[PDB]
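For reference, the chain that follows is the form solved without nicotinamide-adenine-dinucleotide (NAD), supplied as structure tokens.
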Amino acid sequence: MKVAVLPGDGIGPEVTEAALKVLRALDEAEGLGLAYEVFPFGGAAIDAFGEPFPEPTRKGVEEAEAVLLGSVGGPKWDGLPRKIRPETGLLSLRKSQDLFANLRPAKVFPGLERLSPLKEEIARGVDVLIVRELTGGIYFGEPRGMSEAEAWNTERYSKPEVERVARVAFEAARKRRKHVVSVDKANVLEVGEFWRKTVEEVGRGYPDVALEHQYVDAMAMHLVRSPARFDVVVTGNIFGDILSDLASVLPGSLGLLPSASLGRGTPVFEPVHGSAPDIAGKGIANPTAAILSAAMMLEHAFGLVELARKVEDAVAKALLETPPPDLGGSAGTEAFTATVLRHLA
């Protein structure tokens, strides 16, 4: 278990640090052989190096089996140009690992149905992993262009793009509740048939996971009326962008959400949440998304499923016992992380 930790900026460190405190408490109980190192990335790297993703960190990432990253970015580094922006170093990190699937779970923890915009009866039990294809389709598709008379973008997909992103979904499914919904617009678009056919074909390799198909329009409906029946959702770039933003608001507290990016290189595990300098330092930031990222890490990077689950659970009971300020409660980073610990036995 060798991890590269890039804490980044603002609440970046505090939370990421909270998550290592969990990781250290786990390696100690379970005997993981956890061996991590901290590398400068983003604002921190720009200040010390002049670039947000300098060579000593690119190297540190490759030599690790997982990347635990906190958030990057700040108002200090905004009066800066393209080439060296923390947002750009973030795009370089992903590109250097060839991360092609964004995995983002939107779970409703028991006792937290009150936070959901959905009625308690609907928000109860929701735990859906949205797997979004990150490098193809309309966003990178070509031909593309603009003129006084018209504009055009091209939703293009190739067979391997659909394939690898499909395997990611199946691998994940096997780990949770064993079901894959693939989403497309096959009843009108050729890309959809292409998509669906290709997925079905990857399915022949996984007779173990059930496979359902839905049109992006229908899925936007199912995700509001019955999100609780979905396990794993796989789809293209734009639809994945939409569907995962849709799914992200079902737990009704965005600062709680973890995120991963799988690919050919070192996977990356990060909180979906921003840097938040407003509260950076202060020991109040909610370390939940980070501890959960670390948990997605153990699961997607090192396959310790059962273990990622005790982490998640430990976080669930913590959210309920002594809630962080964003949940109306009054527990800070040190207070909360100590709670997650007591419940990790």
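Note that residue numbering begins at 1 and tracks the sequence as displayed.
Keep in mind that the form solved in complex with nicotinamide-adenine-dinucleotide (NAD) is missing from the display, and what follows is about it.
- When contacts are defined as a non-hydrogen atom within 4.5 Å, none of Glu55, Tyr157 and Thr235 contacts nicotinamide-adenine-dinucleotide (NAD) in the deposited bound form.
- Put simply, of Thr198, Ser275, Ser182, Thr266 only one has a heavy atom within 4.5 Å of nicotinamide-adenine-dinucleotide (NAD) in the deposited bound form, and it is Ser275.
- Interface residue among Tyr206, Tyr215, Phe100, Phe194, judged by heavy atoms within 4.5 Å of nicotinamide-adenine-dinucleotide (NAD) in the deposited bound form: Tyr215.
- Contact check for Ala19: no non-hydrogen atom falls within 4.5 Å of nicotinamide-adenine-dinucleotide (NAD) in the deposited bound form.
- Shown alone here, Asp326 lies within 4.5 Å of nicotinamide-adenine-dinucleotide (NAD) in the deposited bound form, counting heavy atoms only.
- nicotinamide-adenine-dinucleotide (NAD) is not drawn, but in the deposited bound form it has a heavy atom within 4.5 Å of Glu87.
- Within 4.5 Å of some heavy atom of nicotinamide-adenine-dinucleotide (NAD) in the deposited bound form lies at least one heavy atom of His222.
- Listed stretches are 145-153, 71-79, 170-178, 107-115; the contact stretch with nicotinamide-adenine-dinucleotide (NAD) in the deposited bound form is 71-79, by a heavy atom cutoff of 4.5 Å.
- Each of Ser182 and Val272 is a member of a different rigid part in the two-part motion between the shown form and the other one.
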